[PDB]
Structures are given as structure tokens and as C-alpha cells.
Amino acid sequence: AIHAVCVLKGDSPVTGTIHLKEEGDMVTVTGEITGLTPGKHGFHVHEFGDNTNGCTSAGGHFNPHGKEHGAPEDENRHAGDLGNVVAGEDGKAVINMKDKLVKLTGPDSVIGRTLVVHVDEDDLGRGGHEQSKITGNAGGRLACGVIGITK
């Protein structure tokens, strides 16, 4: 089973380590993000593992299948759409999810792409804003990291 890791850093006090592994026929995503305002923050795989311009150079959500932005539970979602992380009152969010569209092998592999955590909540495509079906209207990028191969 392939194992990957991602260390989050950006123009904010937000930090965290995310681990990804193949488990059965899905990918299991786990970790903790700290330094967040309490509540929901958008969390996605973005297309490029490019940190030449902070988190901005990561580009948009990873979307190899040409879908609209949605919830993890939807069929019409970007491959990179992992919904929201929920920070407690102490500013810390813990992830423990299994996803069928995130891949660590094959044409839709996310190795070498980016994870991003956002300023605002991801509205799952349903907020009625111009960016809802593009980004979930999740606002700016607090921290990001390139997804790398680990032991």
C-alpha cells in the first residue's frame, strides 16, 4: 500500500501534518491542523505541487474528470473535494476520512499535488455564490503543502 504525507505551512499561524494511505480500495486521510479559527474550514487537493508563489501557485481544485465543485459525498464533485475540517474552540481540527476519488497511484494520483486549508467554510457547491460551484466559496488559503511519498 502506498503511503504519503503532507506538511502544511502558509501566510498564517496554521500548521499541520496530513497522512494519506491506500487502505482497501480507498485512500484514508488522517491528521491534525492547528492555529485555525473555530469552525469549518475548506480542505481540498489542488492541482499543482507548486510553492513558488505561496499557496496561490497550487492552482485550483484537482479536477481530472471535469466536474463542478461539490461535497465529498457527491458524484458531481472535483476529485480533490474533501469538504470541511472542523476546528474546535481550541483552534485544532482532526481529520479521519476515507475517500474513493483520491488516489495515490494511476492517472488520478495526487502524489506531487497540494493540500490546502482555507480561511472560510466550503459551502459544498450549495451556497448560491458565484464561486460556490468552483471553490465552495472557501476564501483564501491559510496553509498548504506538497503531497510526498513516505515510508
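Residue numbers run from 1 along the displayed sequence.
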Subject >> Average Cα temperature factor in the PDB entry - higher stretch of 87 to 95, 109 to 117 >> reply: 87 to 95
Original post:
Averaging C-alpha B-factors over each stretch, which comes out higher, 24 to 32 or 58 to 66?
Top reply: 24 to 32
Original post:
What third of its chain's C-alpha B-factors does residue 125 belong to: lowest, middle or highest?
Top reply: middle
Original post:
Of the three thirds of its chain by CA temperature factor, lowest, middle or highest, which one includes residue 100?
Top reply: highest
Original post:
residue 19: which third of its chain by C-alpha temperature factor?
Top reply: middle
Subject >> Entry-reported Cα temperature factor of residue 8, expressed as the chain third it lands in >> reply: middle
